[PDB]
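Taking the form deposited without the DNA, here's one chain by itself in structure tokens.
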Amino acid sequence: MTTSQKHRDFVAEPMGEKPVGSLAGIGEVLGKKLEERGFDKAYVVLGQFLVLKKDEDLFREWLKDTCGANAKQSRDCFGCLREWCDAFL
């Protein structure tokens, strides 16, 4: 296992109303910027991931443009949503 514990905790169960900061790669700084843009719950970011048809390039670019995420942060967030979807969607 090379993922974080935080990734593993997110992908282990339905997300319900978890805040956006429950996503791997989304620390307090990125989480506040996402909340200020209306992406306050993790499921709203899931929504964007799905509207983009789970495309890595589009989602990771969107995250960068929306909250300033760097490459590692955006990879971690994408991977957490991708594995959650494989488990639950």
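The numbering used is simple: start at 1 and walk along the sequence shown.
Of 61 to 69 and 74 to 82, the stretch whose C-alpha atoms average the higher B-factor in the entry: Comparing 61 to 69 with 74 to 82, the higher mean C-alpha B-factor belongs to 61 to 69.
Using the B-factor values recorded in the entry, state whether the Cα atom of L89 falls in the lowest, middle or highest third among the modelled residues of its chain. Its C-alpha B-factor, which the entry lists for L89, ranks in the middle third among residues of this chain.
CA B-factor placement of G38, once the chain's modelled residues are sorted into thirds: Ranked within chain, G38 CA B lands in the highest tercile.
Here the subject shifts to the form deposited with the DNA bound, a form of this protein not shown in this document.
At the 4.5 Å heavy atom threshold, is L81 in contact with the DNA in the bound PDB entry? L81: no contact with the DNA in the bound PDB entry.
Using the partner position in the bound PDB entry, report whether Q5 sits within 4.5 Å of the DNA, counting heavy atoms only. Yes, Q5 is a contact residue.
My question is simply whether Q73 lines the interface with the DNA in the bound PDB entry - judged by any non-hydrogen atom within 4.5 Å. Yes, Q73 sits close enough to the DNA in the bound PDB entry that at least one of its heavy atoms falls within 4.5 Å.
Even though the partner isn't displayed, in the bound PDB entry is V29 close enough to the DNA, meaning a heavy atom within 4.5 Å? Looking in the bound PDB entry, residue contacts with the DNA include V29, since a heavy atom lies within 4.5 Å.
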